[PDB]
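Below is work-v8.txt, which holds compact mmCIF, C-alpha atoms.
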# COMPACT_ATOMS: atom_id res chain seq x y z
CA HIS A 9 -36.82 193.36 217.13
CA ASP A 10 -36.17 193.51 213.41
CA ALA A 11 -32.87 192.50 211.85
CA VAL A 12 -31.40 195.99 212.04
CA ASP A 13 -32.07 196.19 215.79
CA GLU A 14 -30.42 192.85 216.36
CA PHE A 15 -27.47 193.90 214.20
CA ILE A 16 -27.02 197.06 216.28
CA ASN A 17 -27.16 195.09 219.54
CA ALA A 18 -24.34 192.87 218.29
CA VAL A 19 -22.12 195.80 217.36
CA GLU A 20 -22.87 197.59 220.64
CA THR A 21 -22.29 194.48 222.74
CA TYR A 22 -18.94 194.00 221.00
CA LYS A 23 -17.96 197.62 221.46
CA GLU A 24 -18.83 197.33 225.15
CA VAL A 25 -17.17 194.01 225.91
CA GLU A 26 -13.98 195.07 224.13
CA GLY A 27 -14.00 198.57 225.62
CA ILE A 28 -13.69 200.23 222.21
CA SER A 29 -13.85 204.03 222.07
CA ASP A 30 -16.54 205.80 220.07
CA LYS A 31 -13.90 207.14 217.71
CA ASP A 32 -12.18 203.83 217.13
CA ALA A 33 -15.57 202.14 216.80
CA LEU A 34 -16.85 204.52 214.12
CA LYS A 35 -13.59 204.05 212.21
CA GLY A 36 -13.34 200.29 212.62
CA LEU A 37 -16.53 198.45 213.38
CA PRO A 38 -18.49 199.05 210.12
CA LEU A 39 -15.79 197.36 208.03
CA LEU A 40 -15.29 194.54 210.56
CA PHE A 41 -18.97 193.59 210.65
CA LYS A 42 -19.19 194.12 206.90
CA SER A 43 -16.34 191.60 206.52
CA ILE A 44 -18.05 189.06 208.81
CA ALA A 45 -21.27 189.40 206.90
CA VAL A 46 -19.57 189.01 203.53
CA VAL A 47 -17.61 185.93 204.67
CA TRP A 48 -20.81 184.31 205.96
CA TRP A 49 -22.66 184.94 202.71
CA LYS A 50 -19.59 183.89 200.68
CA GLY A 51 -19.25 180.61 202.60
CA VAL A 52 -22.95 179.82 202.21
CA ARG A 53 -22.95 180.53 198.43
CA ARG A 54 -19.78 178.38 198.16
CA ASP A 55 -20.10 175.37 200.46
CA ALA A 56 -22.66 175.17 203.26
CA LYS A 57 -25.79 173.14 202.67
CA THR A 58 -27.43 173.34 206.11
CA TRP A 59 -28.32 176.00 208.68
CA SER A 60 -26.15 174.50 211.41
CA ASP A 61 -23.33 174.21 208.85
CA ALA A 62 -23.73 177.87 207.84
CA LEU A 63 -23.33 178.99 211.46
CA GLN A 64 -20.48 176.62 212.31
CA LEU A 65 -18.70 177.60 209.08
CA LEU A 66 -18.39 181.28 209.93
CA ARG A 67 -16.71 180.36 213.22
CA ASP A 68 -14.17 177.97 211.65
CA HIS A 69 -13.28 180.78 209.24
CA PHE A 70 -12.43 183.15 212.05
CA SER A 71 -10.46 180.39 213.72
CA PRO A 72 -7.93 180.82 216.53
CA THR A 73 -5.16 179.02 214.60
CA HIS B 9 -18.03 187.02 223.00
CA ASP B 10 -16.14 188.09 219.90
CA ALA B 11 -17.79 189.90 217.00
CA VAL B 12 -18.63 186.71 215.13
CA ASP B 13 -20.48 185.30 218.15
CA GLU B 14 -22.48 188.47 218.53
CA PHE B 15 -23.24 188.48 214.81
CA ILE B 16 -24.55 184.90 215.02
CA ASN B 17 -26.73 185.75 218.02
CA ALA B 18 -28.34 188.56 216.02
CA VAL B 19 -29.11 186.32 213.05
CA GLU B 20 -30.42 183.54 215.31
CA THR B 21 -32.56 185.90 217.37
CA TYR B 22 -34.06 187.27 214.16
CA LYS B 23 -34.68 183.82 212.75
CA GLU B 24 -36.41 182.86 216.00
CA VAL B 25 -38.54 185.96 216.51
CA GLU B 26 -39.71 185.87 212.89
CA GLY B 27 -40.25 182.10 212.88
CA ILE B 28 -38.13 181.61 209.77
CA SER B 29 -37.48 178.05 208.60
CA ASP B 30 -33.96 176.68 208.35
CA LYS B 31 -34.31 176.44 204.59
CA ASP B 32 -35.63 179.94 204.11
CA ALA B 33 -33.03 181.25 206.54
CA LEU B 34 -30.08 179.68 204.73
CA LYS B 35 -31.40 181.08 201.45
CA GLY B 36 -32.28 184.54 202.74
CA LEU B 37 -30.54 185.67 205.86
CA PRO B 38 -26.91 185.89 204.63
CA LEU B 39 -27.83 188.43 201.94
CA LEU B 40 -30.14 190.38 204.28
CA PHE B 41 -27.50 190.83 206.98
CA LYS B 42 -24.88 191.46 204.30
CA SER B 43 -27.11 194.28 202.99
CA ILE B 44 -27.55 195.78 206.48
CA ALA B 45 -23.84 195.68 207.07
CA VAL B 46 -23.03 197.27 203.72
CA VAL B 47 -25.60 200.06 204.23
CA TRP B 48 -24.18 200.82 207.67
CA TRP B 49 -20.62 201.02 206.35
CA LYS B 50 -21.79 202.98 203.29
CA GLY B 51 -23.65 205.53 205.44
CA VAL B 52 -20.67 205.98 207.76
CA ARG B 53 -18.18 206.46 204.87
CA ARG B 54 -20.67 208.94 203.31
CA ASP B 55 -22.24 211.04 206.07
CA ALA B 56 -22.09 210.08 209.75
CA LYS B 57 -19.56 211.82 211.94
CA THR B 58 -20.47 210.38 215.36
CA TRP B 59 -21.13 206.99 216.93
CA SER B 60 -24.69 207.82 217.94
CA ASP B 61 -25.24 209.19 214.42
CA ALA B 62 -23.88 206.00 212.84
CA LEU B 63 -26.35 203.87 214.80
CA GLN B 64 -29.34 206.18 214.32
CA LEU B 65 -28.53 206.45 210.60
CA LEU B 66 -28.89 202.75 209.87
CA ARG B 67 -32.37 202.81 211.41
CA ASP B 68 -33.59 205.83 209.42
CA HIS B 69 -32.41 204.02 206.29
CA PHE B 70 -34.57 201.01 207.01
CA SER B 71 -37.45 203.34 207.78
CA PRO B 72 -41.12 202.35 208.03
CA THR B 73 -42.22 204.96 205.45
Reformat the file's structure so that it appears as structure tokens.
Amino acid sequence: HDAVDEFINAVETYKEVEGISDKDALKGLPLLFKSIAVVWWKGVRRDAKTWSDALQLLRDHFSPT
Amino acid sequence: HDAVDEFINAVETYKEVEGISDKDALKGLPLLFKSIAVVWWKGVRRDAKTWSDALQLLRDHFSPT
């Protein structure tokens, strides 16, 4: 139940829900989740001041519009 | 159910299971999950050749010994 196990569950859930192949996943998912993680950390070191505002922020950054 | 939502669930599960405060979590968890993500990507661009070997790898890197 450590952080690494929860990280892997996220990646594997996403691979499953999106029906991504093992080959496309190996090629693509490490950089995608690396980008998410960097953006989250970047937006906390820049702006966010709260825990709820650190979560919400990452969403608004990957926004539908 | 996108990647960002699964990422947030991982972080929030970890915060909950470990009983981390909002203040310690804001300060600490973005860099921790950023590190995990970087290590995973690093170990795929270096060594791993398979999907099961990309998962397993990240574990062995955060190894108990």
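Shortest atom-to-atom contact with residue B:67 among A:42, A:23, A:50, A:9: A:9, counting all atoms listed in the file.
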Requested in this report: Specify as a PyMOL selection string all residues of chain A found within 8 Å of chain B, counting only C-alpha atoms.
Outcome: chain A and resi 9-19+21-22+25+30-31+33-34+38-39+41-42+44-46+48-49+52+58-59+62-63+66-67+70
Query - atom CA of residue A:73 to atom CA of residue A:55, distance in Å rounded to a single decimal - result: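 One can read the atom CA of residue A:73 to atom CA of residue A:55 distance as 20.9 Å.
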